[PDB]
Amino acid sequence: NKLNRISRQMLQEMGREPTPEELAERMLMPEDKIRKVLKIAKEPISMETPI
Amino acid sequence: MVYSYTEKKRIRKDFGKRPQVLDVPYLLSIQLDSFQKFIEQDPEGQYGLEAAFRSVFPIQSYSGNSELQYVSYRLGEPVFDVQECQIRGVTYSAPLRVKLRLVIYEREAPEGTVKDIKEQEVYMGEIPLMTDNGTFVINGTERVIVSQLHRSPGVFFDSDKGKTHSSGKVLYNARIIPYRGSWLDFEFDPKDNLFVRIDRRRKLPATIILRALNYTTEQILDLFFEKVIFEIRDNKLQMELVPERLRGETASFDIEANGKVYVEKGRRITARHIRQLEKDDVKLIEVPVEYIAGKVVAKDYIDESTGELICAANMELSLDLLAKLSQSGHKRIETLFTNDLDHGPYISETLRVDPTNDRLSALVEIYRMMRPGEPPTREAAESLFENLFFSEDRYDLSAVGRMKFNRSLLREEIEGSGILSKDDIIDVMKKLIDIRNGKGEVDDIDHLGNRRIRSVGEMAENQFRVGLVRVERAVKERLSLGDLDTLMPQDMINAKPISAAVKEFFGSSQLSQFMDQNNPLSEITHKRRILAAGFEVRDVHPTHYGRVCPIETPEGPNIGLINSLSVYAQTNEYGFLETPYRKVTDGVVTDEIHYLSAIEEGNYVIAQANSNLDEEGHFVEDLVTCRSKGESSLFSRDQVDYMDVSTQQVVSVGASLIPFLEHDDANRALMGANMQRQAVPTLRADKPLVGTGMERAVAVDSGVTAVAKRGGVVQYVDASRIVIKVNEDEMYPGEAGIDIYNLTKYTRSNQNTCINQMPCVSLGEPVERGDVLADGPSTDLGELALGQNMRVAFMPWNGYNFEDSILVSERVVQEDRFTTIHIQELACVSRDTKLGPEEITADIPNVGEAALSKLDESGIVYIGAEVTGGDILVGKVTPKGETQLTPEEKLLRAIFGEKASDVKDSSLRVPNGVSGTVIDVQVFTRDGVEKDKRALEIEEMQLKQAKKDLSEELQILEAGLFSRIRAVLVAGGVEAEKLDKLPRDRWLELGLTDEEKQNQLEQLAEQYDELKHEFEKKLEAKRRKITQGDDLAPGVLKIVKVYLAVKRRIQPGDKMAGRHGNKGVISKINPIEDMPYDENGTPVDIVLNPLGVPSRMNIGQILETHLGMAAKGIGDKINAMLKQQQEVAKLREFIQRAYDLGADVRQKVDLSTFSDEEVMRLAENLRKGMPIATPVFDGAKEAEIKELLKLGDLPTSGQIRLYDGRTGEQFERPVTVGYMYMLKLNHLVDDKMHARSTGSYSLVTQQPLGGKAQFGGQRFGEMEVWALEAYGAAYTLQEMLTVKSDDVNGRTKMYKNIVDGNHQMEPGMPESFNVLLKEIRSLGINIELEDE
Ligand SMILES: CO[C@H]1/C=C/O[C@@]2(C)Oc3c(C)c(O)c4c(O)c(c(/C=N/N5CCN(C)CC5)c(O)c4c3C2=O)NC(=O)/C(C)=C\C=C\[C@H](C)[C@H](O)[C@@H](C)[C@@H](O)[C@@H](C)[C@H](OC(C)=O)[C@@H]1C
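Criteria and cut-off values
Note that residue numbers begin from 1 in each chain and follow the written sequence, not necessarily the entry's scheme, while residues that lack coordinates are absent from the view. Lettering of chains starts at A and numbering of ligands starts at 1, both following the order in which they are written. Values throughout apply to the part shown, which belongs to a larger assembly of chains. Note that the side-chain values use all heavy atoms of the structure and ignore hydrogens as well as water. Helix and strand definitions follow DSSP, with helices as H or I runs of at least four residues and strands as E runs of at least two, each counted in order from the N terminus. A 1.4 Å probe rolled over the protein chains alone gives each residue an accessible area, and that area as a share of the maximum for its type sets the label: buried under 20%, exposed over 50%, partly exposed in between. For the accessible areas, the method is Shrake-Rupley and the probe is 1.4 Å, while residue cover comes only from the protein chains on display. Charge counting follows a simple rule: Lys and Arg are positive, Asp and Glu are negative, and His as well as the terminal groups are ignored. Positions of charges follow a simple convention, taking NZ of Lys, CZ of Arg, CG of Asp or CD of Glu. For this analysis, a nonpolar core means a set of buried residues of the types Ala, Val, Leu, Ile, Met, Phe, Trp, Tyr and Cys, connected via side-chain atoms within 4.5 Å. When checking whether two residues touch, look at their non-hydrogen atoms; a contact exists if any pair is within 4.5 Å. Each residue is tested against the molecule or strand, and it is near if at least one of its non-hydrogen atoms lies within 4 Å. Within 3.5 Å is the distance limit for a polar contact, defined as a pair of N or O atoms, with the added protein rule that one can donate a hydrogen and the other accept it, and that residues adjacent in sequence qualify only through two side-chain atoms. Classification used: nonpolar for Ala, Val, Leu, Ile, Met, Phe, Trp, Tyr, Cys and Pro, charged for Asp, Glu, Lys and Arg, polar for all others including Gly. Helix axes use the C-alpha atoms of the stretch in contact, all axes being lines fitted to C-alpha atoms, and the angles between their N-to-C directions lie in the range 0 to 180 degrees. Being paired, for any two strands, means DSSP has found at least two bridges between them. Exposure above 30% relative accessible area and the lack of any salt bridge qualify a residue for a patch; like charges then connect within 9 Å, and the nonpolar side chains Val, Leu, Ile, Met, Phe, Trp and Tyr within 5 Å. We define a salt bridge as a contact between a side-chain nitrogen of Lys or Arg and a carboxyl oxygen of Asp or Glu at a distance within 4 Å. By convention, a stacked pair of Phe, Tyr or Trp rings (six-membered ring in the case of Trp) has centres within 6.5 Å and planes under 30 degrees apart, an edge-to-face pair has planes over 60 apart, and any other such pair is tilted.

Looking at the entry header, you'll see X-ray crystallography listed as the method and 3.887 Å as the resolution.

And the structure:
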């Protein structure tokens, strides 16, 4: 959630969107964890998705 | 004009008579014009971002008197340019910067602002940009948005006769279709009761809407019905009579007044009696008290004394009711005028079925119709009804809707309110009733006046509009609670919401699709395309003339649902389709052009494209074939208002390229224009030997070629670039200049073909503005060559041509002329797994030195190394730990002492069977991971290559500028040898005597220094773009894209076709020894089967052959006189003879051409063959063709003697031989071909699935099961649906038996059915397998 909040302001604040490492300095933790945390956090895709 | 420079190189001999009054406009017009209107600064509501802005603005908060208005917008420079945007994969787009003004009104105003902060250009989204060629780049891929054809907004009156109720009687219904907002439908019924339904919802009695508009019953009868006046004067019932009321009725009693009996009882009132009453002016007659027994009273009637209602409005009076209202003192009684023929008593009967009474009642019953089940409320019903058709937000017809609405209602105003008014609804109802009464007609959906054409520009505006409404709710929500001066117009307006509306359209939408680029015609015929149910809409309509092509449409599930745009068609100002025409005043055909829309053209009488006029342009014949109203017949000499512009304008760019089209049946013609788009370009761009004259226009208008910006002389010619030194008359004063064209070189197309430009001009040659500088793929010297013409013979050859099959000589494949170059993009991704990251390292377990040879130290194949199937393009290895091997594998490693790695081999290797040369390598890296060796080398190379290109710019540019300074300095102060001695850099000091030339030196100075710095900034930006880490997907560490160029020639299985719709599949490639040859000994390239010609009626393919043969003759002849080196005189003489050809053609010709350098060059280009132009319907004729064959030295029959190369003996009968243009479509056999033994399998249900691009097995269908069931073959069927596919056990038990040499099957149960059992059992159903 903390990341979404930053990504919201920083979306228009930066005019593009914060770089994958941008919110990392803003956030307390080791800041490389953005990749790991962002991955497992994703919701699985419906296997019934028509393609 | 009167012939260009690349026209002096080669000229196409043009048959055909009709002079062209108008020349083909820009073929890409629609696409470019539309988008040009969308993004532009328009100071008004004309369609554009400005208009879409002005609709939703200004946005005010909820009652808070906090308003946010809109100032102006701008488009920032694109982040990446077109070329760079494709490589990286992002979209080609510009930032949208819009100035907003936030005003806050003092609470409890007089309206005034506490503070107003103007937020400078807040950024919302990046909107895509259209290429100069009219394409979009969504993700790294050129995509086209097809124009759409839909029903124009407005009102439409239909029938629905027949099928309903099968009683006949027809029906008449009206439909109001707004551009935005709910639909309003009116319809009759078998009882002549008018009904209304909003959208498709429940049917409701029509009148219920009028009540919601606050109209009482009295005013409804007063609106839709006339008044029959009844007077009680003296005593017992007089009546007012309008003498016309008696038409269509029989006297019900004695009609007498003024002491004279006009009509008796039982005598129908005809035109004679009516005349008597009309001319004798009989106002009042005596009627019986019983005639009002049926007459419905108009208004309300009350008893003056008792104040009680005697009879309500819309009630049928009776003899007893008349008594009760007479003694109350009523002199007059108004009743309805009702006639079952002329003016129908419909509304009257509609009111008796109306459950409501007052406005609130109707509003209750209306609100409960749209949103039923929930309790109605007064404020809710009022809000809903006003929000449907009366709200500026939820409803708009815009301009086209309002115009056709008013136009179809016979109004004056062509523009009006964008919502519906009570006047509007009433009028529509009136028109529907008038049609049911017999006066007026119903429209038809298929008419092109009711069909409106959208396009990229209009569509994008809608999506941007949708983005602004979903952002509107937010802005109001925040401005609700807003603190005064802290927030500004940034914290409110977001980016993601608006950007995603537009992004979701271009990214995935049925109208946004990959450009079909295997072929220039394919591009240009894709960019002009339309899109729209039963056979009525698919079928061709009379209004399609000159607008939609009748013969170019796909043949398949959607026929006539696509079409294509005609040649001269243009989008009307309002968005209809209009076509060019010639105004015929008095008896002269005037060349003033006039554009008429679908409805505009209707009433005029238009002449025919093919007609005979002369001199002053008076019609030669006393009557000429013409079409007037929806039909065509012979029309008198001077009647015609207009005439067709050209003979072509009926067809499309596709159909207009088929020679002798008038001679081919439409089915094969369709297929031809359908197949011509599939012609893959060739290795040697050839030229059509037989042609139309559009090929030049198609080549140029499509961006595939490179056209001169300004005229001049070629300074430098390289296979890379072309630099033109501009003529001074065309040159601007400052910067001097030269035009530098950077040519596109070998690169991948969307269809994996090769798109490569070649310079068509030579060093130091005069070129004029609008001349072809370089040909593109499949274009030759400015014309459009989609293939290569070749010598063809019609005769059955030992069945090898059997159906459509084509038998091709070896000479063709040896000449490498039909060879084709394919560029395939292969990728290698180094991802991240929980076990570890994947490495691109060159260390691969279990590979020899020969395998790793072709790889560099880094693991990537060298550029230029030729590879075949199986070679390793990119070494890649992924971690898989603790293999957990088995006893015998462990002994194996023990004996042979191999250390089994902790990494598994993922390396990218060349797909099976495809073999080519590596033309390129790209390395994308995550930002922050160290670029490997090769990747760094690439970056260094790109840096150096970039510097060379930019420096080349500056070098040629600076010289171009200083070369002008040299010339201006010599005027007023000429020193010739003196000036070029001193260093060029020191020239800028010298001034001049007072003149503009001093100011000219000033101009060139300013621009010089600008270039110096502009070069600098451009270099810096390029360098940063190279070194910047490309953004990748989540999880991907690095990506390697390899580009292979395979050169495929031709082999049995390829599809081939002529322009006439004759398909074919090359059967055998025959030696030159066995080819039929003529007495002269020249073999023939292709042997077609004649049997295909009569059945499919395409006779042009024969004509195309004949004229072709003749054409080659004129070529061959020149080849002899040029090999004789006779002289310029003899050559000149013979060519002139050819270009005249006996009489009356439009070609004109030479002796204006320079007799030496220009003429000799032309002949050299003609020696291959003499290009001929057959206009579409103006094309040549047999006689013209036969005469050219006389000049050819070749027989009139077009047939000669041929000898079999095998026996050498003659062939009985002459056979037709000639030159037919033939295309290679891309179905090429080494794509379609697939075979699989044992591949991968799907996880969910175990079934064959290709995962390696080793394709999944063939799909065995139900119909095929029946086929096996008809044969007695049980075991083939079991093995088909059990062991060969679905049995996860049976498959392995089978495979082992196949190698053992035991053919058996131990079938077991297919896993599919085994799943159905559990799926059933997952429910409450117990399903068991019984017995034994
Ligand atoms: C986004 O669009 C997709 C589907 C929308 O869905 C859907 C429901 O709405 C469609 C629209 C709006 C179309 O206008 C359309 C269409 O115009 C067309 C075919 C028929 N296609 N063929 C299919 C292949 N086959 C061997 C020949 C016949 C279609 O099925 C569709 C189609 C749909 O089915 N045909 C033609 O126009 C003619 C006669 C030539 C076509 C030119 C080339 C072939 C195409 O442009 C290729 C290069 C791509 O553009 C397509 C692949 C698009 O796919 C992508 C992702 O780009 C595809 C239209």
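### Some thoughts on the overall build of chain A
Across its full length, chain A holds three helices and zero strands. Along chain A, from the amino end to the carboxyl end, the secondary structure elements read α-α-α. Referenced to the eigenvectors of the C-alpha coordinate spread, the extents of chain A come out at roughly 40 × 25 × 15 Å. Out of the 51 residues belonging to chain A, those deemed buried represent 20%. For chain A, the exposed surface amounts to about 4,500 Å²; the carbon and sulfur share of it is 57%. When the 10 basic and 9 acidic side-chain charges of chain A are each reduced to a single mean position, those positions are 4 Å apart.

### Structural notes on the overall build of chain B
A tally of helices and strands in chain B yields 35 helices and 62 strands. For chain B, the residues scored as buried account for 47% of the 1332 residues in total. As presented, chain B carries roughly 68,400 Å² of accessible surface, and 50% of it is formed by carbon and sulfur atoms. Charged side chains of chain B number 168 positive and 213 negative; the gap between the two group centres comes to 2 Å.

### What to know about the nonpolar core
Residues and elements named next belong to chain B. Judged by nonpolar contacts, the single largest core of 52 residues is most densely connected at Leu-184, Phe-186, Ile-347 and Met-429. Take this core: its biggest share by element is seven residues, from helix α13 (residues 422–436). Apart from the residues within four sequence positions on either side, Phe-186 is in contact with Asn-173, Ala-174, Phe-195, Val-196, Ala-206, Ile-209, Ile-425, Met-429 and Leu-432.

### Focus on the site of the ligand
Residue and element names in this part refer to chain B. Taken together, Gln-510, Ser-512, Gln-513, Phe-514, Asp-516, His-526, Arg-529, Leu-531, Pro-554, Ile-562, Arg-677 and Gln-751 are the residues near the ligand. Between the ligand and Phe-514 there is a distance of 2.6 Å, counted from an oxygen atom to a backbone nitrogen or oxygen. In this structure, an oxygen atom belonging to the ligand sits 2.4 Å away from a side-chain N or O atom of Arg-529. Tallying contributions element by element places strand β25 (residues 512–514) first for the shell around the ligand, with three residues. Its residues placed into classes, the shell around the ligand shows four nonpolar, five polar and three charged.

### A closer look at the interface of chain B and chain A
Contacts between the two partners involve eight residues from chain B, matched on the other side by eight residues from chain A. At the boundary of chain B with chain A, the tally comes to zero residue pairs in polar contact. Class assignment for the residues of the side of chain B that touches chain A results in two nonpolar, three polar and three charged.

### What about the packing of helix α2 (residues 29–38) of chain B against helix α14 (residues 456–481) of chain B?
Residues and elements named next belong to chain B. Relative to each other, α2 and α14 sit at 35°, their axes nearing to 7 Å. Within the contact between the two elements, α2 uses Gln-31, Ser-34, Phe-35 and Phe-38 and α14 uses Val-456, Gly-457, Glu-458, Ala-460 and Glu-461. Considering only residue class, the contact of α2 with α14 consists of four nonpolar, three polar and two charged.

### Observations concerning the sheet that holds strand β35 (residues 706–707) of chain B
Residue and element names in this part refer to chain B. Strand order in this open sheet of three strands is β35-β41-β39, and the pairing throughout is antiparallel. Of all the strands in the sheet, the pair left with one neighbour each is β35 and β39 (758–759). Note that β35 and strand β41 (residues 772–775) share two bridges and pair antiparallel. Each residue of the ladder has a partner; that of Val-707, found in β41, is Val-772.

### Let's talk about the environment of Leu184(B)
Residue and element names in this part refer to chain B. Relative to the elements of secondary structure, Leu-184 occurs in strand β11 (residues 184–187). A residue is classified by how much of its surface remains accessible, and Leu-184, at 0% relative accessible area, is buried. Residues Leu-184 and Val-196 lie 12 residues apart in sequence; the distance between their C-alpha atoms is 7.5 Å. Contact partners of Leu-184, with chain neighbours within four places excluded, come to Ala-174, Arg-175, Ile-176, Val-196, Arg-197, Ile-198, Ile-209, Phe-389, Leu-420 and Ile-425.

### Regarding a nonpolar patch on the surface
Residue and element names in this part refer to chain B. There is a patch of nonpolar side chains on the surface, built from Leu-891, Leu-892, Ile-895 and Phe-896 and spanning about 460 Å² of accessible area. With respect to the element layout, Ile-895 can be found in helix α22 (residues 887–896). On the basis of relative accessible area, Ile-895 is assigned to the exposed category, the value being 55%.

### So, unusual backbone geometry
Residue and element names in this part refer to chain B. That bond from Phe-57 to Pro-58 is cis: its omega, -5°, falls within 30 degrees of zero. Along the polypeptide, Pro-58 turns up in the loop between α3 (49–56) and β2 (59–60). For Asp-199, which is not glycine, the phi dihedral falls at a positive 55°. Within the fold, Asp-199 resides in the loop between β12 (195–198) and β13 (204–205). Given the relative accessible area of 23%, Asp-199 is considered partly exposed.

### Quick word on the sheet that holds strand β34 (residues 690–691) of chain B
Two strands in a sheet stick together by hydrogen bonds in their backbones, pointing the same way (parallel) or opposite ways (antiparallel). All names here are of chain B. The strand order across the open sheet formed by three strands is β1-β58-β34, and the pairing between neighbours is parallel. Each end of this open sheet is capped by a strand with a single partner; those strands are β1 (13–14) and β34. Examined bridge by bridge, β34 and strand β58 (residues 1172–1173) share two bridges and lie parallel to one another. Residue pairing across strands places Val-690 opposite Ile-1172, the latter belonging to β58.

### Here we look at a negative patch on the surface
On the surface, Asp614(B), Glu615(B), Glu616(B) and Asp1144(B) cluster together into a patch of negative charge. Position of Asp614(B) among the secondary structure elements: in strand β29 (residues 613–614).

### Considering helix α16 (residues 520–527) of chain B
Residue and element names in this part refer to chain B. Counting buried positions along α16 yields eight of eight residues, so the element is predominantly enclosed. Inspection of α16 places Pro-520, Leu-521, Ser-522, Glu-523, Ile-524, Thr-525, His-526 and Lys-527 among the buried residues, and these make up the whole buried set. Among the structural elements, α2, β7 (142–145), β25, α19 (694–701) and β43 (783–784) are those in contact with the buried residues of α16. One side-chain oxygen at the N-terminal end of α16 lies 2.9 Å from the backbone nitrogen of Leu-521; it belongs to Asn-519.

### Some details on a positive patch on the surface
All names here are of chain B. Together, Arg-371, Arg-394, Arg-470, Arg-473 and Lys-496 make up a region of like positive charge exposed at the surface. Turning to its location among the elements, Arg-371 is positioned in the loop between α10 (359–370) and α11 (378–388). Judged by its relative accessible area of 49%, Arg-371 is partly exposed.

### Re the packing of aromatic side chains
Residue and element names in this part refer to chain B. Within this structure, the stated rule accounts for 19 aromatic pairs over all chains. Judged by centre distance (5.7 Å) and plane angle (65°), the rings of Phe-389 and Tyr-395 are edge-to-face. No difference in accessibility class separates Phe-389 from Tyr-395, as the two residues are buried. Ring centres of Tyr-1077 and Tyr-1203 lie 5.8 Å apart, and the angle between their planes is 20°; this geometry places the pair in the stacked category.

### Quick look at the pairing of strand β46 (residues 820–833) of chain B
All names here are of chain B. By the bridge criterion, 12 bridges tie β46 to strand β54 (residues 1036–1048) in an arrangement that is antiparallel. Each residue of the ladder has a partner; that of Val-829, found in β54, is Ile-1039. Pairing analysis gives two bridges linking β46 to strand β47 (residues 836–837), with the strands arranged antiparallel. Bridge pairing links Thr-833 to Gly-836 in β47. Where β46 folds back onto β47 in an antiparallel hairpin, the turn is made up of two residues.

### Some details on the side chain of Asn1070(B)
Residue and element names in this part refer to chain B. Mapped onto the secondary structure, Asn-1070 falls in strand β56 (residues 1066–1070). Assessed through its relative accessible area of 2%, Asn-1070 is described here as buried. Among residues more than four places away in sequence, those in contact with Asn-1070 are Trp-797, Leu-807, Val-808, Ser-809, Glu-810 and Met-1075.

### Some points on the pairing of strand β28 (residues 588–596) of chain B
Residue and element names in this part refer to chain B. Here strand β27 (residues 577–585) runs beside β28; their pairing, made up of six bridges, is antiparallel. Its bridge partner being in β28, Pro-580 is matched across the sheet by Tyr-595. Once β27 ends, the chain turns through two residues before running back antiparallel as β28, passing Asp-586 with a positive phi of about 45°.

### Examining the pattern of salt bridges
Residue and element names in this part refer to chain B. As enumerated under the stated definition, the model contains 71 salt bridges over all chains in all. For the salt bridge of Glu-264 with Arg-267, the shortest nitrogen-to-oxygen distance reads 3.8 Å. A salt bridge links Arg-547 to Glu-601; the nearest nitrogen and oxygen atoms lie 3.1 Å apart. Here the residue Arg-547 occupies a position in the loop between α17 (535–538) and β26 (570–571), and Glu-601 occupies one in the loop between β28 and β29, the gap between them amounting to 54 residues. The same class applies to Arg-547 as to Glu-601, namely buried. When salt bridges with common partners are traced through the structure, they connect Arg-10, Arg-12, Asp-780 and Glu-783 into a single cluster.

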